[PDB]
Amino acid sequence: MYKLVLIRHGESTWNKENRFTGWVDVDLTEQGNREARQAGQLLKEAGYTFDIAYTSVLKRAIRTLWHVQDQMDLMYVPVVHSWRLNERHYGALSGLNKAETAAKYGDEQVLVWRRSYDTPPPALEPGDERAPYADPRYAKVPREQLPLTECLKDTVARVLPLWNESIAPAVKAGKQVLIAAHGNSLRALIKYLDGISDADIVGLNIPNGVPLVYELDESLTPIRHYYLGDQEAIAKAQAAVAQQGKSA
């Protein structure tokens, strides 16, 4: 039997301004910093330790890891930073206000864009400032593998290699692993690990900064999973995540 812990980054500046983020590299707010610190305390008090962590190349996930490593006294552990754990790419929605966007296109359309399995948001133009091609983070990724937008199904295809080739072998080797990442990239990994159907993944929302522990059998199949923390604080967290709602 093995344990794997997962954590969405703490509140970001764009979670607060209610803007679709994707691969735009925004930072944590003070509240997001505190969420991260608190997740570290919670794991330290529960006795958890880690031998290795995996995260994205986006600083909001990475600063969340930093805060967890700091409160846990694990600043020395190996960290693999991978573009494959990047938040699902939000195309030409990136930067737009989610409420103003539901007001223009329909609340339905915005639910498709945020939560469906296989519908992509509209794509960036290839010369959009926000396209990834000049970014040194992705200098080694061949150009055709880089998205201008992504549906969740693409996020799954992009995450699995890291899991098959690196994270699964770490877990089996006996390493105690933390993955600090993003709402939708974690939705995607969970969809694979739990065998959640295309239909059912629509409703899964993951709150900011709450450790989520998978217990895995020897074949890496989930036995159970649970959040750590106040179950009330977090039902409220997931209730706020439902903010694809139009404004006045």
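Positions of Cβ are backbone-derived with ideal geometry, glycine not excepted, and every protein chain shown enters the neighbour counts. Coordinate-derived values only; no laboratory data.
Numerical summary
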quantity: Where only alpha carbons of segment 30-132 are counted, the Rg and the Dmax (Å); calculated: 17.7, 49
quantity: Karplus (6.51, -1.76, 1.60) ³J(HN,Hα), θ = phi - 60°, over segment 206-218, in Hz, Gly and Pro reported as x; calculated: 10, x, 4, x, 10, x, 10, 9, 9, 9, 10, 6, 5
quantity: Cα pair count fraction exceeding 23 Å, expressed as % - the chain; calculated: 48 percent
quantity: Options 117, 186, 97, ranked by Cα towards positive dipole end of the chain, top entry (Cβ charges); calculated: 97
quantity: Computed [θ] at 222 nm, helices only, for the chain once each DSSP H run of length n ≥ 4 contributes -39500 (n - 2.57); calculated: -10500 deg cm²/dmol
quantity: Relative contact order (%) - criterion: Cα under 8 Å, at least six apart; region: the chain; calculated: 31 percent
quantity: Cα gyration tensor category, rounded, prolate or oblate, for segment 146-248 with a/c compared to 1.5; calculated: oblate
quantity: Proxy reagent accessibility, fewest Cβ within 10 Å first, across 185, 247, 94; calculated: 247, 94, 185
quantity: In degrees, nearest ten, helix 231-241 long axis to first principal axis of the chain (Cα); calculated: 20 degrees
quantity: Phi to ³J(HN,Hα) by Karplus 6.51 cos²θ - 1.76 cosθ + 1.60 over segment 174-190, Hz, x for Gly, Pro; calculated: x, 5, 9, 10, 10, 10, 9, 8, 9, x, 7, 5, 6, 3, 5, 6, 5
quantity: Net dipole in debye of the chain [+1 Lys, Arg Cβ; -1 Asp, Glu Cβ; about Cα centre; nearest 20]; calculated: 160 debye
quantity: Acute angle (nearest 10 degrees) that the helix 30-45 long axis makes with the longest principal axis of the chain, alpha-carbon atoms; calculated: 20 degrees
quantity: Solvent-free Debye scattering, log10 I(q)/I(0), computed from the Cα coordinates of segment 98-155 at q = 0.14, 0.17, 0.22 Å⁻¹; calculated: -0.49, -0.68, -0.92
quantity: Flagged links, alpha-carbon separation over 31 Å, of 44/153; 59/175; 59/236; 140/236; 44/172; 175/236; calculated: 44/153; 140/236; 175/236
quantity: Residues whose placed amide H lies under 5 Å from that of residue 95, excluding near-sequence neighbours; calculated: 20, 21
quantity: Rounded to whole Hz, the Karplus (6.51, -1.76, 1.60) HN-Hα couplings of segment 87-100, x for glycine and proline; calculated: 4, 3, 6, 9, x, 6, 7, 3, x, 8, 6, 5, 5, 3
